[PDB]
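Engineer: Got a structure for you, written out below as structure tokens; questions coming shortly.
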Amino acid sequence: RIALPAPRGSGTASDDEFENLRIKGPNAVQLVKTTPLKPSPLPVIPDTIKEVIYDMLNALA
Amino acid sequence: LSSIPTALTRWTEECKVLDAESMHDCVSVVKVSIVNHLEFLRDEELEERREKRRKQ
């Protein structure tokens, strides 16, 4: 998500007018923040990927 | 251990070998799609923030 810089000044006529000028300006500093972590479940490993991983473990022995 | 190379470093090696200069072009093509979406979400959240301030 592109970061939001703090509300510069309360007041819509002037401060928010120049806050859109700043944040949305052609020349601006679009800093990034991450979203909060979404609960990813583990992907099930395909059987062929397990006949690749197991063949290396057998090469240990 | 930090000696173990991270996925980004392995992908960096892969990129170098398989496409040294075309990586920048792909960054540009994908950027066009990411920035437009993130700017849309930025403008929607900013409107939401001004609205919530007004409701306050």
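Here, A, B, ... name the chains of the structure tokens in the order displayed, residue numbers run from 1 inside each chain, and ligands are numbered from 1 in the same displayed order.
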Near chain B, meaning an atom within 8 Å, which residues of chain A appear when counting only C-alpha atoms? Write them as a ChimeraX atom specification.
Structural biologist: /A:1-4
Engineer: Need the shell around residue A:29: protein/DNA/RNA residues with any atom at most 10 Å away, counting only C-alpha atoms. Skip same-chain ones fewer than 4 positions apart. Format as a PyMOL selection string?
Structural biologist: chain A and resi 2-3+5+22-25
Engineer: Tell me, which residues of chain A carry DSSP alpha helix (DSSP H), written as an NGL selection string?
Structural biologist: :A and (17-23 or 47-60)
Engineer: Generate the output file for the selected residues, N, CA, C and O atoms, as a PDB file, in the first residue's frame.
Structural biologist:
```pdb
ATOM      1  N   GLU A  17      -6.765  20.641   0.446  1.00  0.00           N
ATOM      2  CA  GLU A  17      -6.480  21.017  -0.933  1.00  0.00           C
ATOM      3  C   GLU A  17      -4.995  20.901  -1.237  1.00  0.00           C
ATOM      4  O   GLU A  17      -4.613  20.444  -2.321  1.00  0.00           O
ATOM      5  N   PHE A  18      -4.139  21.306  -0.304  1.00  0.00           N
ATOM      6  CA  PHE A  18      -2.706  21.208  -0.528  1.00  0.00           C
ATOM      7  C   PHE A  18      -2.149  19.871  -0.058  1.00  0.00           C
ATOM      8  O   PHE A  18      -1.047  19.490  -0.467  1.00  0.00           O
ATOM      9  N   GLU A  19      -2.981  19.047   0.573  1.00  0.00           N
ATOM     10  CA  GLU A  19      -2.566  17.701   0.928  1.00  0.00           C
ATOM     11  C   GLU A  19      -2.812  16.775  -0.240  1.00  0.00           C
ATOM     12  O   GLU A  19      -2.055  15.822  -0.445  1.00  0.00           O
ATOM     13  N   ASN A  20      -3.796  17.114  -1.070  1.00  0.00           N
ATOM     14  CA  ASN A  20      -3.971  16.373  -2.304  1.00  0.00           C
ATOM     15  C   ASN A  20      -2.914  16.823  -3.292  1.00  0.00           C
ATOM     16  O   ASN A  20      -2.392  16.010  -4.062  1.00  0.00           O
ATOM     17  N   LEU A  21      -2.540  18.104  -3.219  1.00  0.00           N
ATOM     18  CA  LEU A  21      -1.478  18.626  -4.067  1.00  0.00           C
ATOM     19  C   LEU A  21      -0.171  17.919  -3.751  1.00  0.00           C
ATOM     20  O   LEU A  21       0.646  17.665  -4.644  1.00  0.00           O
ATOM     21  N   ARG A  22       0.039  17.596  -2.474  1.00  0.00           N
ATOM     22  CA  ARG A  22       1.295  16.998  -2.042  1.00  0.00           C
ATOM     23  C   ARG A  22       1.289  15.499  -2.324  1.00  0.00           C
ATOM     24  O   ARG A  22       2.185  14.979  -2.997  1.00  0.00           O
ATOM     25  N   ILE A  23       0.282  14.785  -1.814  1.00  0.00           N
ATOM     26  CA  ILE A  23       0.269  13.332  -1.923  1.00  0.00           C
ATOM     27  C   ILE A  23       0.101  12.904  -3.375  1.00  0.00           C
ATOM     28  O   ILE A  23       0.752  11.958  -3.834  1.00  0.00           O
ATOM     29  N   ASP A  47       3.287 -34.670  -5.430  1.00  0.00           N
ATOM     30  CA  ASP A  47       3.972 -35.937  -5.225  1.00  0.00           C
ATOM     31  C   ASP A  47       5.259 -36.000  -6.027  1.00  0.00           C
ATOM     32  O   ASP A  47       6.247 -36.589  -5.575  1.00  0.00           O
ATOM     33  N   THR A  48       5.283 -35.395  -7.215  1.00  0.00           N
ATOM     34  CA  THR A  48       6.523 -35.396  -7.974  1.00  0.00           C
ATOM     35  C   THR A  48       7.568 -34.525  -7.302  1.00  0.00           C
ATOM     36  O   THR A  48       8.766 -34.844  -7.335  1.00  0.00           O
ATOM     37  N   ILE A  49       7.141 -33.438  -6.659  1.00  0.00           N
ATOM     38  CA  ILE A  49       8.116 -32.648  -5.938  1.00  0.00           C
ATOM     39  C   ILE A  49       8.597 -33.423  -4.727  1.00  0.00           C
ATOM     40  O   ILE A  49       9.723 -33.209  -4.261  1.00  0.00           O
ATOM     41  N   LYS A  50       7.860 -34.462  -4.329  1.00  0.00           N
ATOM     42  CA  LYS A  50       8.321 -35.261  -3.208  1.00  0.00           C
ATOM     43  C   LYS A  50       9.160 -36.440  -3.659  1.00  0.00           C
ATOM     44  O   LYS A  50       9.991 -36.924  -2.885  1.00  0.00           O
ATOM     45  N   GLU A  51       9.093 -36.787  -4.937  1.00  0.00           N
ATOM     46  CA  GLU A  51      10.023 -37.753  -5.500  1.00  0.00           C
ATOM     47  C   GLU A  51      11.281 -37.070  -5.992  1.00  0.00           C
ATOM     48  O   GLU A  51      12.256 -37.750  -6.327  1.00  0.00           O
ATOM     49  N   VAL A  52      11.275 -35.744  -6.035  1.00  0.00           N
ATOM     50  CA  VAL A  52      12.515 -35.011  -6.229  1.00  0.00           C
ATOM     51  C   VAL A  52      13.203 -34.765  -4.898  1.00  0.00           C
ATOM     52  O   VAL A  52      14.422 -34.915  -4.790  1.00  0.00           O
ATOM     53  N   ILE A  53      12.452 -34.371  -3.867  1.00  0.00           N
ATOM     54  CA  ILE A  53      13.097 -34.085  -2.592  1.00  0.00           C
ATOM     55  C   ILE A  53      13.585 -35.373  -1.940  1.00  0.00           C
ATOM     56  O   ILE A  53      14.655 -35.404  -1.324  1.00  0.00           O
ATOM     57  N   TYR A  54      12.813 -36.456  -2.066  1.00  0.00           N
ATOM     58  CA  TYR A  54      13.210 -37.720  -1.455  1.00  0.00           C
ATOM     59  C   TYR A  54      14.447 -38.325  -2.106  1.00  0.00           C
ATOM     60  O   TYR A  54      15.235 -38.991  -1.426  1.00  0.00           O
ATOM     61  N   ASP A  55      14.636 -38.121  -3.408  1.00  0.00           N
ATOM     62  CA  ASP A  55      15.813 -38.670  -4.076  1.00  0.00           C
ATOM     63  C   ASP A  55      17.116 -38.022  -3.623  1.00  0.00           C
ATOM     64  O   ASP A  55      18.165 -38.673  -3.653  1.00  0.00           O
ATOM     65  N   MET A  56      17.086 -36.755  -3.213  1.00  0.00           N
ATOM     66  CA  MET A  56      18.272 -36.159  -2.605  1.00  0.00           C
ATOM     67  C   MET A  56      18.548 -36.725  -1.219  1.00  0.00           C
ATOM     68  O   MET A  56      19.698 -37.026  -0.881  1.00  0.00           O
ATOM     69  N   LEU A  57      17.506 -36.881  -0.407  1.00  0.00           N
ATOM     70  CA  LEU A  57      17.655 -37.495   0.908  1.00  0.00           C
ATOM     71  C   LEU A  57      18.195 -38.916   0.834  1.00  0.00           C
ATOM     72  O   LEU A  57      18.927 -39.347   1.732  1.00  0.00           O
ATOM     73  N   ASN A  58      17.842 -39.659  -0.211  1.00  0.00           N
ATOM     74  CA  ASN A  58      18.442 -40.967  -0.442  1.00  0.00           C
ATOM     75  C   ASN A  58      19.902 -40.867  -0.869  1.00  0.00           C
ATOM     76  O   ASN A  58      20.690 -41.777  -0.593  1.00  0.00           O
ATOM     77  N   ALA A  59      20.272 -39.790  -1.557  1.00  0.00           N
ATOM     78  CA  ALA A  59      21.667 -39.549  -1.901  1.00  0.00           C
ATOM     79  C   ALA A  59      22.527 -39.179  -0.701  1.00  0.00           C
ATOM     80  O   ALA A  59      23.755 -39.251  -0.795  1.00  0.00           O
ATOM     81  N   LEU A  60      21.922 -38.790   0.420  1.00  0.00           N
ATOM     82  CA  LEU A  60      22.677 -38.725   1.666  1.00  0.00           C
ATOM     83  C   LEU A  60      23.240 -40.086   2.041  1.00  0.00           C
ATOM     84  O   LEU A  60      24.357 -40.182   2.563  1.00  0.00           O
TER      85      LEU A  60
END
```
Engineer: For a test of reading the model, state the distance in Å between atom CA of residue A:36 and atom CA of residue B:7, rounded to one decimal.
Structural biologist: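 If I compute the distance from atom CA of residue A:36 to atom CA of residue B:7, I get 22.2 Å.
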Engineer: In Å, rounded to a single decimal, give me how far atom CA of residue B:14 is from atom CA of residue A:43.
Structural biologist: 23.8 Å
